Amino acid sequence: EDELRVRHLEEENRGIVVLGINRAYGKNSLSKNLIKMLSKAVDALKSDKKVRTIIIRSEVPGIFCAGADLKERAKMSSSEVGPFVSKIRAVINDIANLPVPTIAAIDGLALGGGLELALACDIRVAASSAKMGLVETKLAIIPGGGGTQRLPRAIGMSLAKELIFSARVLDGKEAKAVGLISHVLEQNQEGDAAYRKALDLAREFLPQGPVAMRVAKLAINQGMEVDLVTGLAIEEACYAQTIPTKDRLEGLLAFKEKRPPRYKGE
């Protein structure tokens, strides 16, 4: 539908792919079709061994993602609501599990599923003028795209509760103050400052061992959700996977030869 663009950058950004939501007519809302294409694009990247970092952003200035489509929802029977919402929770969850580092570039409004999708990314950067929040309670529903789990985990229980309870919408500076995002930018004339920073942060990842980066992610994500001792065992298991890699040795042969390693993900 062209509503979702999957670009593979080059040159200086080689190794970076970008997922851009282009559906201004719907405020980039999650229509039953946009999640299909999203779910489709996500599975594709799951196995894409070339990718080293993934940026998720919008190509519609002023808007990141307004969440689920109110229009379609009001035309859904109760027995259909649950299934559709769970579909969104699952795609958002697959995104949280992408193999490489993920960065959400919020240059605009990010509500409900929009922020939940961003919460699924490893890192979030946003313009100070961007607005985000989970307003589900004002509609007598609750965040249904993982938000009740990821928000408390990212900023703490007390603040995640207050935001969800008051269904308050924060701006870039506020989100930054509560830790919702790790970098607050000054919006530029093209309305893509968050994206530029994300790209910049991404390049910063490109020079590392592809295999080490992926298992580092796995150790962090998996370990945080089990007791520390099991987490340590998981760290050992991920570390073991970097040992028989050419890259491990290429790393050593690069510093001994005083030269930038040329990792291949092997």
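Quick note: we count residues from 1 along the sequence shown, nothing fancier.
- In this entry, 8-16 has the higher mean Cα B-factor, the comparison being between 8-16 and 238-246.
- Taking the mean C-alpha B-factor of each stretch as recorded, 204-212 and 36-44 are not equal, and the higher mean is that of 36-44.
- In the PDB entry, the Cα temperature factor peaks, among 217, 57, 197, 50, at 50.
- Between the residues 89, 75, 150, 131, it is 75 that shows the highest Cα B-factor in the PDB record.
- Residue 168: CA B factor in the middle third of modelled residues in this chain (values from the PDB entry).
- Ranked by Cα temperature factor within the chain, residue 192 sits in the middle third according to the deposited record.
- Compared with the other modelled residues of the chain, the Cα B-factor recorded for residue 232 ranks in the lowest third.
- Sort the modelled residues of the chain by CA B factor and residue 70 lands in the highest third.
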